[PDB]
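# Structure at a glance
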Amino acid sequence: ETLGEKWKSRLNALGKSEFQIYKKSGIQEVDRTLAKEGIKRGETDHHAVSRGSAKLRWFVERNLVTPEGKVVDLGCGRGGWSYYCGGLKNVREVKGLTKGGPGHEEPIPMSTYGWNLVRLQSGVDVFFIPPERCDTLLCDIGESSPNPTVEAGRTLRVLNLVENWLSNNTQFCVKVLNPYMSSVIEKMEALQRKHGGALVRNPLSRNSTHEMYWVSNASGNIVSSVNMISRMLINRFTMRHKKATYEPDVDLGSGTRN
Ligand SMILES: Nc1ncnc2c1ncn2[C@@H]1O[C@H](CSCC[C@H](N)C(=O)O)[C@@H](O)[C@H]1O
C-alpha cells in the first residue's frame, strides 16, 4: 500500500459538501466567466474553448514542453490544447482527435489565431487507430474512478498507447491520471528510462485528482515526485485559508497564419 492510496481513501470518505471545498482548496483557478459567456453567444474569436488552454499554457510557458512541427492532440475534446498550440510560433500542423458523440465533449469550431492550421476530428477512438509520425505528442485522456484499481488500468492503457506513438526527441505532454499505484509507477520508470522527462503537477489541477503530467523536458525521480504530491494532497485536507487564486484566461487571438 502507498501514500497515494491513503489520500484516495480519505478523499472518498468525504461529505458531499466537504469534498466540494477540498476540491478548490488553495488551488489555482482560471477566470472563465466572460470567455464562456462569449462562446455561448457564437464568438469564435478570442476565447479558449475550455480551461485546458490555460492548463497547457502553464507547462509550455515554462519549457516543460515545447510544441513544434506536427502536433498530435490525443483526446482533444472541445479543442483547448490544439487551438492553443495552433497559435504557437514553432508549430506547423495541429491534428486533434477525440470520441465526441452524445455524452462526450464535441470539438467547437474557432477562428482563433492559427485556427487554419488546426484540424479536429470527432468520432475517433484513439486506442484503436494506427500510430502516425509526429514531433509533439499531447494526451489528456483518463477518466476518474472512486476505485484506484480502475484508475490504474485506465492510466496503464494510456501510457501503453503513447509508447506506440513516440520516437526519438519527440516533444510530449501526457496526463498520468493515477501515478500513485504501484503498477503505474513501474511502467513510468521504464518509460522514463526509455524516453526521459518527469512527472509534474500543474497547479491548475484540482485537489480531487492526483493527476501529474509526464512532460518531456524535465527530470526527476518518479517515486519521489509522486510522493511529494501525495503528501501535498494530504496536507490540503486540513486547510485554513482555502480560497483559490485566479489567473485571467489565455486570450488566443484571431485570424490566420501562413
Ligand atoms: N479513447 C478515446 N479516443 C478519443 N477520445 C477520447 C478517448 N478517451 C477519452 N477521450 C476524450 O478525451 C478528452 C480529454 S479532456 C479534453 C481536454 C482538452 N485537452 C481541452 O483542453 O479541452 C475527453 O473529452 C474524452 O472525450
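Scoring rules and cut-offs
- Residues numbered from 1 in each chain as written, not as in the entry; some residues may be left out.
- Heavy atoms only, no water.
- Residues with missing side-chain atoms left out of burial classes, pairs and counts.
- Axes fitted to C-alpha atoms, helices over the stretch in contact; angles between N-to-C directions.
- Helix = DSSP H or I, 4+ residues; strand = E, 2+ residues; numbered from the N terminus.
- Parallel < 35°, antiparallel > 145°, perpendicular 65-115°, else oblique.
- Left-handed = near helix turned anticlockwise from the far one by under 90°.
- Contact = heavy atoms within 4.5 Å.
- Nonpolar A, V, L, I, M, F, W, Y, C, P; charged D, E, K, R; others polar.
- Near = heavy atom within 4 Å.
- Polar contact = N/O pair within 3.5 Å; in protein donor to acceptor, adjacent residues only side chain to side chain.
- Areas by Shrake-Rupley, 256 points an atom, 1.4 Å probe, with all protein chains shown as cover.

Per the PDB record, the structure was determined using X-ray crystallography to 2.75 Å resolution.

## Considerations on the packing of helix α6 (residues 148-165) against helix α7 (residues 182-195)
Contact geometry for α6 and α7: axes closest at 10 Å, N-to-C directions at 15 degrees. The orientation of α6 with respect to α7, classified from their angle, is roughly parallel. For the pair α6 and α7, the sense of crossing is left-handed. Each of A152, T155, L156, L159, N160 and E163 in α6 lies in contact with α7, whose residues at this interface are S183, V184, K187, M188, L191, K194 and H195. Here the residues of the contact of α6 with α7 are counted per class, giving six nonpolar, four polar and three charged.

## Quick word on the site of the ligand
Around the ligand, the structure places 16 residues, and the nearest of them are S50, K99, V124, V126 and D140. Taking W81, its main chain carries an N or O atom lying 3.4 Å from an oxygen atom of the ligand. For the ligand, whose accessible area on its own is 590 Å², the fraction buried by protein is 82%. Residue composition of the shell around the ligand, by class: six nonpolar, seven polar and three charged.

## A word on the packing of α7 against helix α8 (residues 222-235)
Contact pair α7 / α8: the axes reach a minimum separation of 10 Å and the direction vectors enclose 130 degrees. In terms of their interaxial angle, α7 and α8 are classed as oblique. Judged by residue contacts, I185, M188, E189 and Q192 of α7 engage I222, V223 and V226 from α8. The residue makeup of the contact of α7 with α8, split by class, is five nonpolar, one polar and one charged.

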